[PDB]
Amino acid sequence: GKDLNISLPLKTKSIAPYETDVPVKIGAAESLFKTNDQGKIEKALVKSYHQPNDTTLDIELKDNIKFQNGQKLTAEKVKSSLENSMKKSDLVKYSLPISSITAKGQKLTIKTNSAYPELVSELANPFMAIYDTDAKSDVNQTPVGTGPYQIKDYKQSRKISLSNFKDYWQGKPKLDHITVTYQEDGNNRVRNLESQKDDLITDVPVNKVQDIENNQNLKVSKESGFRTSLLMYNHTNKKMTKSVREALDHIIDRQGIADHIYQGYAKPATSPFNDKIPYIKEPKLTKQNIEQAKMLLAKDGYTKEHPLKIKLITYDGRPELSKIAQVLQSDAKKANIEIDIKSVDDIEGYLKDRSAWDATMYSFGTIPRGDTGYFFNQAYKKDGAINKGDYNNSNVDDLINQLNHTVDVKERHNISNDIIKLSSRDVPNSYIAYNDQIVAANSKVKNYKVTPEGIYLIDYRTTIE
């Protein structure tokens, strides 16, 4: 009727907002701040804020906002939500170095111990979305947010059912119900769309784009965005030496991957960050060189008779990753590396066992809110939430720590580029492509978001005509 069916990759376990960005994506939860369609930070739940000095953030919340259970969004509710998320999630904790929070009425004051200029930016992170900590339901199954669609039922790792919250603060939402089901295989997501089992899908495989564009019942939307595919190394395994990481870096053919695997919907990568960001100084592009890789591997004693063995993990959710793994395996054999590819259904859970993998295909949104700090703190610091391979170098740590208290924006750019230059020498990961996000829908579905941060999808204006 006005019911919308969505098919997404990357199944979740908990759907607490501090465990996954899914509740923000599907319209259930909202953070204090957001980014707009051009990627700039804006107030969302906040009416006004001020920073009287470099350790104090004063916020006044909007006065007309309710949670989906009818409770008012007050400063006390925001305090308890943020404190709970800090306690329950390392990602949230390491992004928000908050020393205290005080609340009265609609006003809250957030303090830090020292200057952290990216604090407001990180309050736009979907993992910091606000939920009602006093709700008498399990936040891991049916959290209660302020968004336009309330989660009514969750079948773990399979299906989320949401219903219109009529008193949504920005206006009455335009759909009656949304059903989200997980499907990891992109070809299956496309088949579900073509058969009308689903109405909106994300992460469309590039080789299906033409088939969908050809269909007059469907439409495809693409956004270049800020997501990077990569080969991530497990630094806790002593065999993954600098020579080995450099060898693998030279077996990748980034230009060929962008042209033939992504069919032009990606550009070859050097650093984590898309080269379209104008202040980023990218390292030199590595061109494939099998002879160089063989020479590097000989440094550690590997030969055709005694090759390096690598267990490489992959997953289906981002559909080009496993196509890249196959061609890495074929080419690596020419350089005396035998790669065994293991495709897994739950990538984040699988990689927690650091004895079970040598390298993994991976993807990540490296600059979702306009600053490089988030990525460096989460991917290049020990215990950072996306640093699955435990990369850490004290010299890089020092620069990241300096960046965190640096207010002057041009100085932040300079330190960021120094971190890129120093870290690149270690080959912490091999960044492969800056690739577009491709979303497809039935033509009757209108006003979903396909914007550069790669997080938002559903809002109170999304509809079916």
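Don't overthink the numbering: it's just position in the shown sequence, from 1.
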- Message: Averaging CA B factors per stretch from the PDB record, which one is higher: 436-444 or 26-34?
- Response: 436-444
- Query: According to the deposited model, is the average Cα temperature factor higher in 65-73 or in 407-415?
  - Reply: 407-415
- Message: Comparing recorded Cα B-factors across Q150, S363, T179, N207, which one is largest?
- Response: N207
- Task: Can you pull the Cα B-factors for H250, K388, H260, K107 from the entry and say which is highest?
- Result: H260
- Which third of the chain does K421 land in by C-alpha B-factor: lowest, middle or highest? middle
- By the record's CA B-factor, is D54 among the lowest, middle or highest third of residues in the chain? highest
- Query: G349's Cα B-factor: lowest, middle or highest third of the chain?
  - Reply: highest
- Sorting the chain's modelled residues by C-alpha B-factor, tell me whether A103 ends up in the lowest, middle or highest third. middle
- Note on the structure: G384: CA temperature factor from the record, placed by chain third, in the lowest
